[PDB]
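Engineer: For reference, the structure I am asking about is given below.
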Amino acid sequence: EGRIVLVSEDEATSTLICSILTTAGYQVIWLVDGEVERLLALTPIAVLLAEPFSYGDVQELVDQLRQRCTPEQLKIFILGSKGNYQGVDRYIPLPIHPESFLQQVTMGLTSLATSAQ
Numbered sequence: 613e614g615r616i617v618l619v620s621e622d623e624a625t626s627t628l629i630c631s632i633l634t635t636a637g638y639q640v641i642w643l644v645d646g647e648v649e650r651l652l653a654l655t656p657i658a659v660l661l662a663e664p665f666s667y668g669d670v671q672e673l674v675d676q677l678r679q680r681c682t683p684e685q686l687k688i689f690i691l692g693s694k695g696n697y698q699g700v701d702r703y704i705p706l707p708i709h710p711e712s713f714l715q716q717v718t719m720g721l722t723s724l725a726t727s728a729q
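Shown next, in the form of structure tokens:
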């Protein structure tokens with residue numbers, strides 16, 4: 613299995629997306645803030661940051677996460693109407709399609725090595 617942390621203020625969107633990831637066998641931790649101290653302590657394989665960003669400036673957060681953990685160690689994804697590329701691995705514009713969402717996560721994850729299985 614694996615651990616993924618989701619940061620957002622909207623409970624409704626979170627319930628739909630968490631179910632998709634959990635079904636795949638991944639555990640999801642929902643946060644309504646996005647503090648680096650807590651994120652670092654609960655350092656997951658990947659983080660999902662959804663707008664509006666409670667933590668504030670995503671670039672600083674990404675820089676801090678990247679500085680502590682390499683992109684290979686920790687993947688960063690952003691959710692919103694427009695993909696704000698601030699060092700994130702991939703953007704997932706709304707509405708998020710469940711059919712391609714899982715595929716995108718898998719594709720991003722398999723970038724680490726060709727021998728996924």
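So the sequence shown is numbered by the entry's author numbering: it starts at 613 and just counts up by one. Beta carbons: idealized from backbone N, C-alpha and C, even for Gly.
Using 8 angstroms as the Cβ pair cut-off and three pairs as the minimum, do the region 688–708 and the region 645–655 touch?
Structural biologist: With a cut-off of 8 angstroms, the region 645–655 and the region 688–708 do not count as touching, because too few Cβ pairs lie within range.
Engineer: Around the C-beta of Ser-727, are 16 or more other C-beta atoms found within 10 angstroms, so that it is buried, or is it exposed?
Structural biologist: By the neighbour-count rule (16 or more Cβ atoms within 10 Å), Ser-727 is not buried but exposed.
Engineer: For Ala-658, which residues in the same chain have their Cβ closer than 6 angstroms to its Cβ, ignoring the five residues on either side in sequence?
Structural biologist: So the qualifying residues of the chain are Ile-616, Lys-687.
Engineer: Would you list, in sequence order, the uninterrupted beta strand (DSSP E) runs of no fewer than 3 residues that lie entirely inside the region 686–722?
Structural biologist: Entirely contained in the region 686–722, the beta strand (DSSP E) runs reaching 3 residues are, in chain order, 687–692, 702–705.
Engineer: Start and end of the alpha helix (DSSP H) containing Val-670?
Structural biologist: From DSSP, the alpha helix (DSSP H) with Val-670 extends over 670–680.
Engineer: Give me the DSSP bridge partner(s) of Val-640.
Structural biologist: According to DSSP, which records beta bridges pairwise, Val-640 is partnered with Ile-616.
Engineer: Return the CA-CA distance between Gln-671 and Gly-720, expressed in angstroms with no decimal places.
Structural biologist: Their backbone Cα atoms lie some 20 angstroms apart in a straight line.
Engineer: Going by DSSP, what residues sit across from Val-659 in a beta bridge?
Structural biologist: Answer by DSSP bridge pairing, in chain order: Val-617, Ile-688.
Engineer: Tell me which residues share the same chain as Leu-673 and place their Cβ nearer than 7 angstroms to its Cβ, disregarding the 5 neighbours each side in the sequence.
Structural biologist: Cβ neighbours of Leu-673 beyond the five flanking positions: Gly-646, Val-648, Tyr-667.
Engineer: Where does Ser-666 sit, in a helix, a strand or coil, going by DSSP?
Structural biologist: Reduced to three states, the DSSP call for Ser-666 is coil.
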